[PDB]
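Worksheet for the structure shown next.
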Amino acid sequence: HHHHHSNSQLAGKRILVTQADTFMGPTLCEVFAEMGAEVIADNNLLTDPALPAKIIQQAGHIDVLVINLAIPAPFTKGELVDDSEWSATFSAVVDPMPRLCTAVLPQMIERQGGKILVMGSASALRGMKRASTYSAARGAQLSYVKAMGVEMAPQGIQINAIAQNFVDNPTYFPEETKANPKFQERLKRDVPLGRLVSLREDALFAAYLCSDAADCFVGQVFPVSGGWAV
Amino acid sequence: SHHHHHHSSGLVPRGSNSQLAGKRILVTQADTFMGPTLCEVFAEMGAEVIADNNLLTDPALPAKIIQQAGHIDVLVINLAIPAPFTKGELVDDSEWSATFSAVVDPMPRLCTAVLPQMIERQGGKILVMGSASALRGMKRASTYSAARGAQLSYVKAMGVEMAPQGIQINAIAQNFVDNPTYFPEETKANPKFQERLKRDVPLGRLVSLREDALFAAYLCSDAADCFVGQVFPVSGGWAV
Amino acid sequence: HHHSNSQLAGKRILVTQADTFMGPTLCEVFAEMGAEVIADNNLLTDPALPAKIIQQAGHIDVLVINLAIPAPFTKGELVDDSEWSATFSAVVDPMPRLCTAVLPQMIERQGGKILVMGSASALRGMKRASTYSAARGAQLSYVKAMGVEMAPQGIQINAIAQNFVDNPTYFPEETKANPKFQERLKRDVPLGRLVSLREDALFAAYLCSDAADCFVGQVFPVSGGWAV
Amino acid sequence: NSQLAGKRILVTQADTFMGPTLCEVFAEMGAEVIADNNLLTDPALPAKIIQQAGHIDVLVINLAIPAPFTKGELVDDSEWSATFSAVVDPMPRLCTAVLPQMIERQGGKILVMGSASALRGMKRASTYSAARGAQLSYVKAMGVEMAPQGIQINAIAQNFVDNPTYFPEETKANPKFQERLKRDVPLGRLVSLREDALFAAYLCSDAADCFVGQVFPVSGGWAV
């Protein structure tokens with residue numbers, strides 16, 4: 001009858017989040033701020049080769065760089081893919097990554113500390129139909145992280161990736177899809193978890209990897225896909 | 001009067017609240033391998049820790065330990081004996097039986113004992129404290145590696161099976177964690193060990209007990225309900 | 001019914017449970033490629049039996065550890081000690097007994113191969129296969145460790161991790177011919193068909209060949225893309 | 001023997017990386033080898049090479065430049081562009097050119113000669129690793145997609161093969177190289193060019209029709 005009516009994990013870290021208005025940008029910016037980060041949100045698509053170095057320059061001190069990069073994944077049949085689709089996908093998802101890392105690494109190497117987290121795709125880990133261009137781009141991200149993480153670990157710098165799929169992302173899982181019983185049957189068959197990973201669950205895992213507790217993780221890819229890929 | 005105060009006075013540990021508040025967590029072999037650190041870190045995050053110190057070679061014992069605990073939110077399957085260093089061509093039944101009896105056979109007894117209450121309420125977690133020796137081959141570890149592989153494969157199968165019942169079954173696969181049993185002070189004080197460690201382990205240092213336990217604490221939290229049937233290597237990049 | 005090729009030339013290959021799982025096809029294909037095949041038919045629950053079999057066979061160039069019982073499909077929460085013990089006794093415990101019996105001659109010669117016929121159930125989780133998967137995982141982790149350990153002695157220890165192989169035990173003709181099974185298979189297995197017994201055995205034969213001396217402590221999924 | 005009897009196999013950059021060994025061994029196994037020696041940075045060139053060949057049973061995508069050794073924090077756009085232009089971009093140009101004839105007859109194979117640097121992190125190889133990762137993830141996706149049309153697309157992911165580009169006699173003779181190699185490579189020696197090529201030949205055979213979208217590490221246990 002009484003029952004009717006009756007965080008600082010990232011405190012003081014300056015965290016830059018790229019394409020902060022799309023893919024996992026909104027969830028990361030919201031949850032990182034709840035956990036005490038100073039969030040630097042940038043909304044630019046990074047097709048412009050000059051823009052990453054300007055965004056990093058202008059942000060000043062960066063403790064954590066979150067490389068959140070995306071365009072809507074092409075559905076093109078693998079035998080029909082053209083140079084325009086390949087360049088649009090790699091220009092947006094792949095080419096900006098080293099540009100962001102080479103801009104931010106000097107300050108992290110100077111202070112022997114810093115983190116870079118890539119918000120990547122489990123499409124790079126497990127093959128699926130009609131996603132060949134996006135999968136290839138996403139594989140370039142994961143292999144870059146595995147190599148850079150081994151390389152920068154001795155400098156006190158942690159470079160890791162999430163490899164996500166079946167996250168509650170409105171770009172791919174709009175409410176009318178989620179409400180469809182054929183969708184729910186497919187999801188339960190394909191995803192052991194039996195539901196989408198929440199935006200909050202994804203960002204809280206990201207927040208753990210951006211925390212002092214995760215200093216032991218270097219060059220590691222973490223699948224987040226409800227068991228679709230582990 | 002203790003010597004750690006000369007240089008380690010006034011230092012706040014890595015990751016220093018209520019992440020496991022109101023969770024009853026049973027830790028097996030709580031006095032060995034990762035047990036002590038897990039019990040300390042879980043209590044620090046607000047868990048009610050049920051610490052069992054028994055070696056579980058007795059087939060009857062797992063069911064009795066689960067039975068006496070009543071409600072268990074999280075079962076942490078921490079099973080270990082000193083890893084045999086035996087050359088592969090010299091392994092015998094006594095070594096194989098000793099290792100599997102301690103590390104492998106208790107695992108399903110514990111899970112079959114605790115799963116009924118978890119199935120009935122559609123909630124619960126089982127975390128296996130496993131070994132990256134099961135992921136990546138090393139010399140003179142064949143028996144221990146095989147036993148640790150049984151754990152990880154059990155987890156991947158059971159986690160898929162129990163996910164639809166609202167239960168998360170996962171594993172850590174650790175190596176190069178600072179367990180003084182395997183990395184004694186006399187080893188750490190040897191420059192060739194430090195030089196070899198930086199060669200073989202991308203992190204360039206041992207993973208701290210605390211770092212490993214903080215990751216286990218995350219996996220035991222509500223935030224980690226999205227993880228089912230997943231193995232998480234914790235080895236400073238030695239295995240990823 | 002109702003009432004009733006020199007790829008392996010000059011190699012002695014012992015195949016365990018030669019009448020069972022991949023045994024028959026391995027024996028056929030290895031013989032086709034010039035191997036002298038030692039076909040042993042014993043279930044190896046008896047601890048003394050692997051040393052006897054290896055002793056009696058004499059010179060072994062390749063040991064193929066083919067171990068199987070019908071996989072339990074017991075719900076994970078209902079598994080008992082009898083199931084666990086029967087599965088590990090058959091599929092796991094014999095493996096080191098066979099390897100410790102055969103390795104001395106291979107170490108002496110600085111040459112030899114051990115190939116485990118394992119399961120992709122150890123790589124990818126599936127429902128209602130907990131005991132069998134755990135046992136198969138012991139096999140694959142044993143191979144990875146032993147392969148690293150014995151490589152410097154000039155010995156190659158590897159595994160196949162199969163699933164969705166055209167084994168009539170698990171995939172009867174009548175099931176294969178069912179259109180609902182054909183739909184599920186095309187959904188779950190990229191290959192869109194079962195791997196033939198011969199395809200599996202031919203890959204086993206490649207791993208047992210001199211060309212495969214570069215492979216040590218490696219697991220090779222053979223499941224038509226279900227696990228890679 | 002005749003493991004590849006009556007197969008037309010097109011090998012790209014047939015003069016570079018694994019090209020020469022693949023051409024020798026495939027012909028040894030009874031293939032009709034179509035050797036093309038071009039660097040494929042020109043976007044127009046893959047379609048022309050496939051068009052001129054007529055029937056292709058197997059396409060071997062052997063793409064390489066010497067791997068940059070640049071420190072990760074010092075990589076610039078020209079290194080990134082040069083590596084992806086040579087190693088990545090030509091890959092789908094080649095596949096989109098050959099796949100129509102394969103889809104039409106419901107048969108054919110595409111094998112990518114890739115790198116285990118995409119699987120396991122190594123220092124001073126960030127650009128090359130990223131490029132090689134694009135190849136392996138392309139293969140996994142394309143292999144699933146094309147398997148139902150009766151086409152097999154797979155990759156080798158190699159390292160520690162006896163390739164004189166990376167392991168010249170001077171390096172191999174250094175006992176400090178021989179010490180490191182035995183530390184880092186379970187096999188305890190380099191994989192031979194012939195071993196690598198015979199494995200590739202197996203994957204181009206009818207017996208390997210069961211393999212779709214699969215990556216095969218070939219690195220003496222360095223990556224498995």
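Following the order of the structure tokens, first chain is A, next is B, and so on, with residues numbered from 1 inside each chain and ligands from 1 in the order they appear.
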- Item | Shell of 9 Å around residue D:69, only C-alpha atoms, local chain residues under 3 positions omitted, as a PyMOL selection string | chain D and resi 72+123-128
Any chance you could tabulate, as JSON lines, the residues of chain A at most 10 Å from chain C with each one's nearest atom pair and distance in Å to one decimal, using only C-alpha atoms, in chain and rising number order?
{"residue": "A:126", "atom": "CA", "partner": "C:228", "partner_atom": "CA", "distance": 8.7}
{"residue": "A:127", "atom": "CA", "partner": "C:225", "partner_atom": "CA", "distance": 8.8}
{"residue": "A:128", "atom": "CA", "partner": "C:190", "partner_atom": "CA", "distance": 9.2}
{"residue": "A:129", "atom": "CA", "partner": "C:190", "partner_atom": "CA", "distance": 9.6}
{"residue": "A:189", "atom": "CA", "partner": "C:188", "partner_atom": "CA", "distance": 9.7}
{"residue": "A:190", "atom": "CA", "partner": "C:188", "partner_atom": "CA", "distance": 9.0}
{"residue": "A:192", "atom": "CA", "partner": "C:125", "partner_atom": "CA", "distance": 9.4}
{"residue": "A:227", "atom": "CA", "partner": "C:125", "partner_atom": "CA", "distance": 8.9}
{"residue": "A:229", "atom": "CA", "partner": "C:124", "partner_atom": "CA", "distance": 9.2}
{"residue": "A:230", "atom": "CA", "partner": "C:124", "partner_atom": "CA", "distance": 8.7}
- Message: Please check the contacts: residues of chain C at most 10 Å away from chain D, using only C-alpha atoms, listed as JSON, numbers by chain.
- Response: {"C": [5, 6, 7, 144, 147, 148, 149, 150, 151, 152, 153, 154, 155, 156, 165, 186, 189, 190, 191, 192, 193, 194, 195, 196, 198, 199, 200, 201, 202, 203, 206, 207, 210, 211, 212, 213, 214, 215, 216, 217, 218, 219, 220, 221, 222, 223, 224, 225, 226, 227, 228]}
- What residues in chain C have any atom no more than 8 Å from chain B when counting only C-alpha atoms, and can you write them as a PyMOL selection string? chain C and resi 76-81+84+93+96-97+99-101+103-104+121-131+133-142+144-149+217
- Message: So that I can check the surroundings of residue B:168, please list as a PyMOL selection string every protein, DNA and RNA residue that reaches within 7 Å of it, counting only C-alpha atoms and ignoring chain neighbours fewer than 5 positions away.
- Response: chain B and resi 124-126+159+163+225+227-228
With N, CA and C atoms retained, could you export that selection as a PDB file, in the first residue's frame?
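Resulting contents of out03.pdb:
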ATOM      1  N   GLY B 124      18.649 -15.910 -13.954  1.00  0.00           N
ATOM      2  CA  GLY B 124      19.837 -16.462 -13.294  1.00  0.00           C
ATOM      3  C   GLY B 124      21.037 -16.435 -14.205  1.00  0.00           C
ATOM      4  N   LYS B 125      22.206 -16.540 -13.605  1.00  0.00           N
ATOM      5  CA  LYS B 125      23.465 -16.516 -14.357  1.00  0.00           C
ATOM      6  C   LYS B 125      24.346 -17.652 -13.886  1.00  0.00           C
ATOM      7  N   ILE B 126      25.082 -18.245 -14.821  1.00  0.00           N
ATOM      8  CA  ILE B 126      26.191 -19.175 -14.491  1.00  0.00           C
ATOM      9  C   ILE B 126      27.432 -18.651 -15.220  1.00  0.00           C
ATOM     10  N   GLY B 159      24.749 -22.228 -23.041  1.00  0.00           N
ATOM     11  CA  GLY B 159      24.295 -20.828 -23.095  1.00  0.00           C
ATOM     12  C   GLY B 159      23.268 -20.648 -24.195  1.00  0.00           C
ATOM     13  N   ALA B 163      19.392 -19.685 -22.868  1.00  0.00           N
ATOM     14  CA  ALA B 163      19.095 -18.270 -23.195  1.00  0.00           C
ATOM     15  C   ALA B 163      17.595 -18.026 -23.284  1.00  0.00           C
ATOM     16  N   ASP B 225      23.032  -8.936 -19.224  1.00  0.00           N
ATOM     17  CA  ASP B 225      21.925  -9.863 -19.614  1.00  0.00           C
ATOM     18  C   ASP B 225      21.936 -10.162 -21.125  1.00  0.00           C
ATOM     19  N   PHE B 227      24.494 -11.036 -22.888  1.00  0.00           N
ATOM     20  CA  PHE B 227      25.547 -12.019 -23.229  1.00  0.00           C
ATOM     21  C   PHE B 227      25.054 -13.399 -22.833  1.00  0.00           C
ATOM     22  N   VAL B 228      25.004 -14.287 -23.819  1.00  0.00           N
ATOM     23  CA  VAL B 228      24.634 -15.718 -23.669  1.00  0.00           C
ATOM     24  C   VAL B 228      25.622 -16.581 -24.430  1.00  0.00           C
TER      25      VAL B 228
END
- Per DSSP on the backbone, what are the strand (DSSP E or B) residues of chain D, as an MDAnalysis selection string? chainID D and resid 8:11 32:35 58:61 108:115 151:158 161 191 215:218
- Message: Could you tell me which residues of chain A sit within 10 Å of chain D when counting only C-alpha atoms, and give me the result as an MDAnalysis selection string?
- Response: chainID A and resid 49 77:83 86:87 90 94:96 98:106 109 123:153 219:220
Could those residues be written to a file, using C-alpha atoms, as a PDB file, in the first residue's frame?
ATOM      1  CA  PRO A  49      39.924  13.378 -45.929  1.00  0.00           C
ATOM      2  CA  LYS A  77      23.752  -8.610 -54.741  1.00  0.00           C
ATOM      3  CA  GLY A  78      27.479  -9.399 -54.619  1.00  0.00           C
ATOM      4  CA  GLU A  79      27.703  -9.953 -58.439  1.00  0.00           C
ATOM      5  CA  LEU A  80      26.122  -6.443 -59.103  1.00  0.00           C
ATOM      6  CA  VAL A  81      28.334  -4.232 -56.827  1.00  0.00           C
ATOM      7  CA  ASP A  82      29.891  -1.214 -58.592  1.00  0.00           C
ATOM      8  CA  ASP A  83      32.861   1.076 -57.840  1.00  0.00           C
ATOM      9  CA  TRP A  86      32.487   0.268 -52.866  1.00  0.00           C
ATOM     10  CA  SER A  87      34.027   3.779 -52.643  1.00  0.00           C
ATOM     11  CA  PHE A  90      34.947   2.450 -47.706  1.00  0.00           C
ATOM     12  CA  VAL A  94      37.111   2.607 -43.326  1.00  0.00           C
ATOM     13  CA  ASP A  95      39.186   5.562 -44.694  1.00  0.00           C
ATOM     14  CA  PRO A  96      38.358   7.922 -41.757  1.00  0.00           C
ATOM     15  CA  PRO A  98      43.408   5.844 -39.667  1.00  0.00           C
ATOM     16  CA  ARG A  99      42.877   9.617 -40.169  1.00  0.00           C
ATOM     17  CA  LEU A 100      41.251   9.827 -36.678  1.00  0.00           C
ATOM     18  CA  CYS A 101      43.884   7.521 -35.120  1.00  0.00           C
ATOM     19  CA  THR A 102      46.975   9.344 -36.582  1.00  0.00           C
ATOM     20  CA  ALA A 103      45.441  12.711 -35.407  1.00  0.00           C
ATOM     21  CA  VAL A 104      44.742  11.547 -31.789  1.00  0.00           C
ATOM     22  CA  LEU A 105      47.666   9.110 -31.183  1.00  0.00           C
ATOM     23  CA  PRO A 106      50.431  11.782 -30.777  1.00  0.00           C
ATOM     24  CA  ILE A 109      51.781   8.540 -26.988  1.00  0.00           C
ATOM     25  CA  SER A 123      28.957  -8.904 -40.229  1.00  0.00           C
ATOM     26  CA  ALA A 124      32.817  -8.918 -40.450  1.00  0.00           C
ATOM     27  CA  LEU A 125      32.973 -12.071 -38.237  1.00  0.00           C
ATOM     28  CA  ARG A 126      30.050 -14.147 -39.605  1.00  0.00           C
ATOM     29  CA  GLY A 127      29.057 -14.260 -43.281  1.00  0.00           C
ATOM     30  CA  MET A 128      25.554 -13.162 -44.324  1.00  0.00           C
ATOM     31  CA  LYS A 129      23.875 -12.810 -47.762  1.00  0.00           C
ATOM     32  CA  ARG A 130      23.490  -9.426 -49.505  1.00  0.00           C
ATOM     33  CA  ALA A 131      25.937  -7.479 -47.267  1.00  0.00           C
ATOM     34  CA  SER A 132      29.271  -8.108 -49.087  1.00  0.00           C
ATOM     35  CA  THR A 133      30.447  -4.455 -49.443  1.00  0.00           C
ATOM     36  CA  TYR A 134      29.516  -3.500 -45.829  1.00  0.00           C
ATOM     37  CA  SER A 135      30.993  -6.772 -44.415  1.00  0.00           C
ATOM     38  CA  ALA A 136      34.311  -6.135 -46.268  1.00  0.00           C
ATOM     39  CA  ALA A 137      34.461  -2.539 -44.928  1.00  0.00           C
ATOM     40  CA  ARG A 138      33.685  -3.748 -41.415  1.00  0.00           C
ATOM     41  CA  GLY A 139      36.447  -6.411 -41.657  1.00  0.00           C
ATOM     42  CA  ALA A 140      38.988  -3.684 -42.477  1.00  0.00           C
ATOM     43  CA  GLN A 141      37.972  -2.015 -39.169  1.00  0.00           C
ATOM     44  CA  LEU A 142      38.378  -5.202 -37.017  1.00  0.00           C
ATOM     45  CA  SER A 143      41.785  -6.159 -38.540  1.00  0.00           C
ATOM     46  CA  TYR A 144      43.040  -2.536 -38.152  1.00  0.00           C
ATOM     47  CA  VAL A 145      42.074  -2.724 -34.434  1.00  0.00           C
ATOM     48  CA  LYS A 146      43.802  -6.132 -33.885  1.00  0.00           C
ATOM     49  CA  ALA A 147      47.064  -4.800 -35.463  1.00  0.00           C
ATOM     50  CA  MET A 148      46.950  -1.275 -33.923  1.00  0.00           C
ATOM     51  CA  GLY A 149      46.019  -2.713 -30.465  1.00  0.00           C
ATOM     52  CA  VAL A 150      49.130  -4.974 -30.417  1.00  0.00           C
ATOM     53  CA  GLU A 151      51.250  -2.032 -31.706  1.00  0.00           C
ATOM     54  CA  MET A 152      50.072   0.736 -29.292  1.00  0.00           C
ATOM     55  CA  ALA A 153      49.719  -1.532 -26.145  1.00  0.00           C
ATOM     56  CA  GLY A 219      43.603  -5.273 -29.677  1.00  0.00           C
ATOM     57  CA  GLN A 220      40.513  -7.292 -28.714  1.00  0.00           C
TER      58      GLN A 220
END
- Contact set, chain A to chain B: 10 Å, only C-alpha atoms, as number ranges by chain: A: 7-10, 146, 149-158, 167, 188, 191-198, 200-205, 208-209, 211-230
Run DSSP on the backbone and give me the residues of stretch 23-175 of chain A it puts in helix (DSSP H, G or I), as a short mmCIF file (atom, residue, chain, number, x, y, z; two decimals) with C-alpha atoms, in the first residue's frame.
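Output contents, as saved in out-v2.cif:
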data_model
loop_
_atom_site.label_atom_id
_atom_site.label_comp_id
_atom_site.auth_asym_id
_atom_site.auth_seq_id
_atom_site.Cartn_x
_atom_site.Cartn_y
_atom_site.Cartn_z
CA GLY A 25 26.38 7.73 -31.44
CA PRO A 26 23.15 8.72 -29.58
CA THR A 27 23.32 5.79 -27.10
CA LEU A 28 27.06 6.27 -26.42
CA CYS A 29 26.74 10.06 -25.87
CA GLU A 30 23.73 9.57 -23.51
CA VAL A 31 25.17 6.71 -21.38
CA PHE A 32 28.77 8.14 -21.32
CA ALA A 33 27.40 11.47 -19.96
CA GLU A 34 25.31 9.55 -17.30
CA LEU A 51 37.95 16.70 -41.59
CA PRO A 52 39.10 14.07 -39.00
CA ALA A 53 42.37 15.92 -38.21
CA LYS A 54 40.34 19.23 -37.79
CA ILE A 55 37.76 17.58 -35.41
CA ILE A 56 40.58 16.04 -33.28
CA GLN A 57 42.63 19.31 -33.27
CA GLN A 58 39.59 21.39 -32.16
CA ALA A 59 38.56 18.91 -29.37
CA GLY A 78 27.48 -9.40 -54.62
CA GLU A 79 27.70 -9.95 -58.44
CA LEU A 80 26.12 -6.44 -59.10
CA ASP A 83 32.86 1.08 -57.84
CA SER A 84 30.50 3.86 -56.58
CA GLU A 85 29.02 1.62 -53.85
CA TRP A 86 32.49 0.27 -52.87
CA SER A 87 34.03 3.78 -52.64
CA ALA A 88 30.97 5.31 -50.78
CA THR A 89 31.13 2.50 -48.15
CA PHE A 90 34.95 2.45 -47.71
CA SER A 91 35.14 6.33 -47.79
CA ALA A 92 32.66 6.55 -44.88
CA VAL A 93 33.41 3.45 -42.72
CA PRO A 96 38.36 7.92 -41.76
CA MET A 97 39.60 5.42 -39.14
CA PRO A 98 43.41 5.84 -39.67
CA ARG A 99 42.88 9.62 -40.17
CA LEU A 100 41.25 9.83 -36.68
CA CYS A 101 43.88 7.52 -35.12
CA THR A 102 46.98 9.34 -36.58
CA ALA A 103 45.44 12.71 -35.41
CA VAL A 104 44.74 11.55 -31.79
CA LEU A 105 47.67 9.11 -31.18
CA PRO A 106 50.43 11.78 -30.78
CA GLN A 107 48.81 13.19 -27.52
CA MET A 108 48.17 9.63 -26.17
CA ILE A 109 51.78 8.54 -26.99
CA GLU A 110 53.08 11.77 -25.28
CA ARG A 111 51.13 10.96 -22.07
CA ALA A 122 29.66 -8.78 -36.40
CA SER A 123 28.96 -8.90 -40.23
CA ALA A 124 32.82 -8.92 -40.45
CA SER A 132 29.27 -8.11 -49.09
CA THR A 133 30.45 -4.45 -49.44
CA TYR A 134 29.52 -3.50 -45.83
CA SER A 135 30.99 -6.77 -44.42
CA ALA A 136 34.31 -6.14 -46.27
CA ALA A 137 34.46 -2.54 -44.93
CA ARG A 138 33.68 -3.75 -41.41
CA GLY A 139 36.45 -6.41 -41.66
CA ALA A 140 38.99 -3.68 -42.48
CA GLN A 141 37.97 -2.02 -39.17
CA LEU A 142 38.38 -5.20 -37.02
CA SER A 143 41.78 -6.16 -38.54
CA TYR A 144 43.04 -2.54 -38.15
CA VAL A 145 42.07 -2.72 -34.43
CA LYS A 146 43.80 -6.13 -33.88
CA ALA A 147 47.06 -4.80 -35.46
CA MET A 148 46.95 -1.27 -33.92
CA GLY A 149 46.02 -2.71 -30.47
CA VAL A 150 49.13 -4.97 -30.42
CA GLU A 151 51.25 -2.03 -31.71
CA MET A 152 50.07 0.74 -29.29
CA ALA A 153 49.72 -1.53 -26.14
CA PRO A 154 53.40 -0.88 -25.10
CA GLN A 155 52.66 2.88 -25.18
CA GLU A 175 8.94 -0.82 -34.49
#
- Message: Residues within 9 Å of residue B:50, please, as a list in words. Count only C-alpha atoms; anything in the same chain fewer than 2 positions from it doesn't count.
- Response: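 Residues meeting the cut-off are residues 24, 25, 26, 27, 28, 30, 39, 48, 52, 69 and 72 of chain B.
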Limited to N, CA and C atoms, could you put the picked residues into a file as an mmCIF file, in the first residue's frame?
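Writing done, so here's result34.cif:
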data_model
loop_
_atom_site.group_PDB
_atom_site.id
_atom_site.type_symbol
_atom_site.label_atom_id
_atom_site.label_comp_id
_atom_site.auth_asym_id
_atom_site.auth_seq_id
_atom_site.Cartn_x
_atom_site.Cartn_y
_atom_site.Cartn_z
ATOM 1 N N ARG B 24 22.527 -12.775 -4.717
ATOM 2 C CA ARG B 24 23.165 -13.887 -4.012
ATOM 3 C C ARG B 24 24.040 -14.626 -5.010
ATOM 4 N N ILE B 25 25.337 -14.590 -4.758
ATOM 5 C CA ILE B 25 26.329 -15.182 -5.686
ATOM 6 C C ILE B 25 27.110 -16.251 -4.968
ATOM 7 N N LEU B 26 27.021 -17.473 -5.474
ATOM 8 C CA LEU B 26 27.753 -18.609 -4.913
ATOM 9 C C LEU B 26 29.042 -18.740 -5.696
ATOM 10 N N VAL B 27 30.172 -18.714 -4.980
ATOM 11 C CA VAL B 27 31.525 -18.901 -5.579
ATOM 12 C C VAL B 27 32.104 -20.230 -5.099
ATOM 13 N N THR B 28 32.340 -21.148 -6.018
ATOM 14 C CA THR B 28 32.941 -22.456 -5.678
ATOM 15 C C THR B 28 34.448 -22.297 -5.457
ATOM 16 N N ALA B 30 36.191 -21.134 -3.167
ATOM 17 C CA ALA B 30 36.241 -19.675 -2.952
ATOM 18 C C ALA B 30 37.600 -19.283 -2.371
ATOM 19 N N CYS B 39 35.396 -13.133 -4.464
ATOM 20 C CA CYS B 39 34.584 -12.957 -3.232
ATOM 21 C C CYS B 39 34.738 -11.506 -2.772
ATOM 22 N N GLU B 48 25.681 -10.414 -2.028
ATOM 23 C CA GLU B 48 25.747 -11.366 -0.898
ATOM 24 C C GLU B 48 26.455 -12.619 -1.400
ATOM 25 N N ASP B 52 32.011 -21.210 -0.952
ATOM 26 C CA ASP B 52 32.221 -22.632 -0.652
ATOM 27 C C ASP B 52 33.659 -23.001 -0.954
ATOM 28 N N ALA B 69 22.126 -23.610 -0.130
ATOM 29 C CA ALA B 69 22.230 -22.164 -0.357
ATOM 30 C C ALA B 69 20.848 -21.531 -0.472
ATOM 31 N N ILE B 72 19.890 -18.756 -5.306
ATOM 32 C CA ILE B 72 21.156 -18.343 -5.953
ATOM 33 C C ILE B 72 20.812 -17.562 -7.219
#
- Task: Would you mind reading off the distance between atom CA of residue A:36 and atom CA of residue B:20, one decimal, in Å?
- Result: 20.1 Å
- Message: Just want the 8 Å neighbourhood of stretch 14-25 of chain D, counted on only C-alpha atoms, with same-chain residues fewer than 4 positions away dropped. Output as a VMD selection string.
- Response: chain D and resid 29 33 35 to 37 62 to 64 113 163 165 193 to 194 197 to 198 200 to 201
Would you write out those residues with N, CA and C atoms, as a tab-separated table (two decimals), in the first residue's frame?
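The resulting file, out_14.tsv, is shown below:
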chain	number	residue	atom	x	y	z
D	29	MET	N	49.07	-30.14	-61.57
D	29	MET	CA	47.83	-30.87	-61.18
D	29	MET	C	46.81	-30.93	-62.34
D	33	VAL	N	46.27	-23.10	-66.97
D	33	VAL	CA	46.52	-21.87	-66.18
D	33	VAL	C	46.48	-20.71	-67.13
D	35	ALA	N	47.66	-17.07	-66.81
D	35	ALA	CA	48.50	-16.21	-65.96
D	35	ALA	C	48.32	-14.78	-66.40
D	36	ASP	N	47.90	-13.88	-65.51
D	36	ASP	CA	47.89	-12.45	-65.82
D	36	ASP	C	48.84	-11.72	-64.88
D	37	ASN	N	49.73	-10.90	-65.42
D	37	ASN	CA	50.84	-10.30	-64.64
D	37	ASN	C	50.54	-8.86	-64.21
D	62	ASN	N	45.05	-13.33	-56.39
D	62	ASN	CA	46.40	-13.19	-55.83
D	62	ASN	C	46.75	-11.71	-56.03
D	63	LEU	N	46.61	-10.92	-54.96
D	63	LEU	CA	46.78	-9.46	-55.03
D	63	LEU	C	47.83	-9.12	-53.97
D	64	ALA	N	48.85	-8.33	-54.33
D	64	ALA	CA	49.87	-7.93	-53.33
D	64	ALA	C	50.62	-6.69	-53.79
D	113	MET	N	43.94	-15.37	-52.12
D	113	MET	CA	45.22	-15.61	-51.43
D	113	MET	C	45.44	-14.47	-50.45
D	163	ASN	N	58.73	-17.15	-48.72
D	163	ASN	CA	58.54	-16.18	-49.82
D	163	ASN	C	59.78	-15.30	-49.78
D	165	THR	N	60.49	-12.47	-50.93
D	165	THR	CA	60.18	-11.04	-50.71
D	165	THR	C	60.43	-10.71	-49.24
D	193	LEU	N	56.59	-22.76	-50.13
D	193	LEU	CA	55.73	-22.28	-51.25
D	193	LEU	C	54.89	-23.46	-51.78
D	194	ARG	N	55.49	-24.64	-51.95
D	194	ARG	CA	54.81	-25.80	-52.53
D	194	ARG	C	53.68	-26.26	-51.61
D	197	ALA	N	50.81	-23.82	-52.02
D	197	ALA	CA	50.19	-23.99	-53.35
D	197	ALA	C	49.45	-25.31	-53.44
D	198	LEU	N	49.93	-26.39	-52.82
D	198	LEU	CA	49.21	-27.69	-52.91
D	198	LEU	C	47.91	-27.56	-52.12
D	200	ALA	N	46.19	-24.73	-51.75
D	200	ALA	CA	45.37	-23.94	-52.71
D	200	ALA	C	44.80	-24.87	-53.79
D	201	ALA	N	45.62	-25.79	-54.33
D	201	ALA	CA	45.19	-26.72	-55.40
D	201	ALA	C	44.06	-27.59	-54.88
- Message: For residue D:32, find every residue with an atom within 10 Å (counting only C-alpha atoms), except residues of its own chain fewer than 4 positions away, and show them as a ChimeraX atom specification.
- Response: /D:4-10,23,26-28,56-57
Residues of the last selection are to be written out with C-alpha atoms, as a PDB file, in the first residue's frame.
ATOM      1  CA  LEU D   4      42.594 -30.105 -61.557  1.00  0.00           C
ATOM      2  CA  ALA D   5      42.249 -31.855 -64.992  1.00  0.00           C
ATOM      3  CA  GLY D   6      40.226 -29.778 -67.490  1.00  0.00           C
ATOM      4  CA  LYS D   7      39.884 -26.697 -65.228  1.00  0.00           C
ATOM      5  CA  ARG D   8      40.696 -23.221 -66.586  1.00  0.00           C
ATOM      6  CA  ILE D   9      42.241 -21.310 -63.636  1.00  0.00           C
ATOM      7  CA  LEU D  10      43.006 -17.601 -63.918  1.00  0.00           C
ATOM      8  CA  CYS D  23      50.892 -21.380 -61.763  1.00  0.00           C
ATOM      9  CA  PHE D  26      48.127 -25.916 -60.777  1.00  0.00           C
ATOM     10  CA  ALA D  27      49.662 -26.912 -64.183  1.00  0.00           C
ATOM     11  CA  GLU D  28      51.396 -29.859 -62.406  1.00  0.00           C
ATOM     12  CA  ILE D  56      37.006 -19.523 -66.189  1.00  0.00           C
ATOM     13  CA  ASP D  57      36.399 -22.521 -63.798  1.00  0.00           C
TER      14      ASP D  57
END
